[PDB]
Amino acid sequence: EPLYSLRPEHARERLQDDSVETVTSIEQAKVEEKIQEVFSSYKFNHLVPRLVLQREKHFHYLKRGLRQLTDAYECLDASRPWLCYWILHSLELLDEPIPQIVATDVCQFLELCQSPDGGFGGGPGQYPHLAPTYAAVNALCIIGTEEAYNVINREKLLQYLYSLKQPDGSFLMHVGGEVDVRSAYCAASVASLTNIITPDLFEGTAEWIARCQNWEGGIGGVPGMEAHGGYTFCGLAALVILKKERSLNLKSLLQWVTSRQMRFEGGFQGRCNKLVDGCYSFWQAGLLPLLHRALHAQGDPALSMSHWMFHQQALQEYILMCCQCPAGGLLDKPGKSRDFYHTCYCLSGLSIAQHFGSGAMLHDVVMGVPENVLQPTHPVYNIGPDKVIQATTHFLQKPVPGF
């Protein structure tokens, strides 16, 4: 019918296991049967399909979570700036305002997470780490007040990034920590937003990230590892920031990412032969605007002037039909419990799937009710494009710190 996933021909997209069953085919078939039940529900209940983003339920879930969380969140006690970021960004995508008092309370809490040696920890008094540093800077840029900008100690932040920098061009996540592509992205994101990029900070970084692109076309956590959506987004987004996307084979990358959209489910998988997951709506589909900008900068004449190189409609259908929790919040797939991480990325991926843009060109695809339209998101930073412009302009009136 008007919904791609509900067309009779869509039944042909089901798994073809070639009569050879393995753990992979068995697990995929189970997910497909579950998704088919969701897709068929309208037909079985004799109702007209209505794709509605449950804005009010999502807002209630988010406004509450911003102040207080159950003990189910104990496993995120060293990730508190991530929770600020996930919630504040989900509220920004839903066009929900931050009361000036809440903005102030977030600023003050992120100040407590900030290390006297630079960067942010996952909670008050915790050691600094690149992942809560990225989340804290992103959350402060979402608030975007002078008070939020002033929380960041730019000189100590630069000193902190230098303390993690490795001779091979990579970065540690934290002191005595692990090295992987996420760290290059977390460092490049905070350094570009706060205007602390010195001539040698990212020396060898582009080359180290390019060594993470493997035989599949995608990018692994470290050289030699299996290509993965989260790492591929981190790798490409860091190269966009560094203006070094050409270090990658962009065509093998384009082919690998597009192949990650599931023909049946419509959503994206994180790796080849794994299951669909709503958060890959951002990590994987977020690569298509980055590749479009990269190919366009090389003057590609065959690029679309209205759509991203993925099925925008099928992704929105997967998110709207399978990833909404009735009580508010979004999830990985049907049968999974809601969480602020999936709420953030399902809505981020929905915004990307709704909003196309390339220079002068602007084209929206809004599946279901028109009220489903979200605020746009910057494909590099995953914060509002207006917040990116405002933060960059503000930090550009400050000099890059000296030694």
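A residue's number is simply how far along the shown sequence it sits, counting from 1. If you superpose the two forms and keep the largest set of C-alpha atoms that fall within 1.5 Å, you have the rigid core.
Novice: Could you tell me which of the two stretches, 341-349 or 37-45, has its Cα atoms lying farther from the shown structure in 9 other deposited structures of this protein after fitting on the rigid core?
Specialist: Evaluated in 9 other deposited structures of this protein, the stretch farther from the shown form is 37-45.
Novice: Taking the mean of the C-alpha B-factors per stretch from the entry, tell me the winner out of 130-138 and 297-305.
Specialist: Averaging CA B-factors over each stretch, the winner is 297-305.
Novice: Can you tell me which stretch has the higher mean Cα B-factor, 221-229 or 320-328?
Specialist: The recorded data point to 320-328.
Novice: If I read the C-alpha B-factors straight from the PDB entry, which of 180, 117, 277, 265 is highest?
Specialist: The record points to 117.
Novice: In the PDB entry, which of 189, 108, 255, 159 has its C-alpha at the highest B-factor?
Specialist: So the option with the highest C-alpha B-factor is 108.
Novice: Could you place residue 104 in the lowest, middle or highest third of its chain by Cα temperature factor, using the values in the record?
Specialist: Within its chain, residue 104 is a highest-third residue by C-alpha B-factor, going by the deposited values.
Novice: Among the modelled residues of its chain, does the C-alpha B-factor of residue 205 lie in the lowest, middle or highest third?
Specialist: Lowest third - that is where residue 205 ends up once the chain's C-alpha B-factors are sorted.
Novice: Quick check for you: using the entry's CA B-factors within this chain, is residue 368 in the lowest, middle or highest third?
Specialist: It belongs to the highest third of the chain when residues are ordered by C-alpha B-factor.
Novice: Divide the modelled residues of the chain into thirds by Cα B-factor and specify which third, lowest, middle or highest, holds residue 55.
Specialist: As the PDB entry reports it, the C-alpha B-factor of residue 55 lands in the highest third of its chain.
Novice: Going by the recorded CA B-factors, say which third of the chain residue 146 sits in, lowest, middle or highest.
Specialist: Answer is highest: the recorded C-alpha B-factor places it there.
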